[PDB]
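Next comes just one chain, in structure tokens: the form deposited in one PDB entry.
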């Protein structure tokens, strides 16, 4: 699927059964999501944004399924407003930018 930018790039995800929705963000390095319970092992990590230093919960080889495409790699969890798909993932779904 090829998508235009006339309005916010939001597609559906799957993180362990759970259908979801996020931003295909080419300005992010990490991928962070909605507080859902992951079967797995975590490593405390920290992010920020308007106030800053919010504590997140890094997961390591999580298989995210995005817009039909399987893809594994790290995903970060914690109190975020929006699911955001960093570089890490677009990188791996073959995703490229076209003008």
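Residue numbers count along the first chain shown, from 1.
Unshown form solved in complex with a partner chain; subsequent notes refer to it.
The partner chain in the deposited complex comes within 4.5 Å of no heavy atom belonging to residue 44. Looking at residue 81, you'd find a heavy atom of it within 4.5 angstroms of the partner chain in the deposited complex. By the criterion of a heavy atom within 4.5 Å, residue 28 is counted among the residues contacting the partner chain in the deposited complex.
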